[PDB]
């Protein structure tokens, strides 16, 4: 029954981990960050905050980030970066198409990546980013978001990518003239319970401050 492990087991992984930018240090211990695999950011910004940009524009070498760009910001011609692959499709702007696409990515990464116009497969998929889960928004909503979480968790187990998602804060969900009127965002716990770090961005003056939400 004795187990003796080479130390190299504890320092080697088949998984990628999220490397927080400065804006986000001092939120979790060094042990906690040594292993961020799922990060959710809540921010009121349409476009990505500078911390989100920093998390994402984080390509080492032959490494790529797949950006599922529901909002059509990151894949715009003037915004595109070399370290990213993009999915920006009318087949992938609602939660049913997104899950079909992510299921294909798990079953047959080559086929799914072909949709994103990847000619060559010479790279490690380091991360998947989905922007903005608030646009995928009963009790059937709970079902679809757990299904989304479960496929993203399977993806991380098989491919090793980390996952970063974004949503708008509670305000967006009030709707136009408050006509649609926990966390400071309206996503189910079937999703949020899965996050290793939930970050919230707010402006308390005209200063944006990032805080952990261990809510």
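Numbering follows the first chain given and starts at 1.
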Checklist entry - Deposited residues absent from the coordinates between residue 137 and residue 138, none, 1 to 3, 4 to 9, or 10 or more? => result 4 to 9
Checklist entry - Per the record, how many residues of the deposited chain fall between residue 181 and residue 182 without being modelled: none, 1 to 3, 4 to 9, or 10 or more? => result 10 or more
Item to check | Of 107-115 and 67-75, the stretch whose C-alpha atoms average the higher B-factor in the entry | outcome: 107-115
Item to check | Between the two ranges 32-40 and 159-167, the one averaging a larger CA B factor in the entry | outcome: 32-40
Item to check | Given 145, 86, 101, 121, the residue at which the Cα B factor reaches its maximum | outcome: 121
Item to check | Residue, from 58, 52, 152, 187, that the PDB entry assigns the highest Cα B-factor | outcome: 58
Checklist entry - Within this chain, which third does the Cα B-factor at residue 132 fall in: lowest, middle or highest? => result lowest
Next on the checklist: Among the modelled residues of this chain, does the Cα B factor of residue 81 put it in the lowest, middle or highest third?
Outcome noted: middle
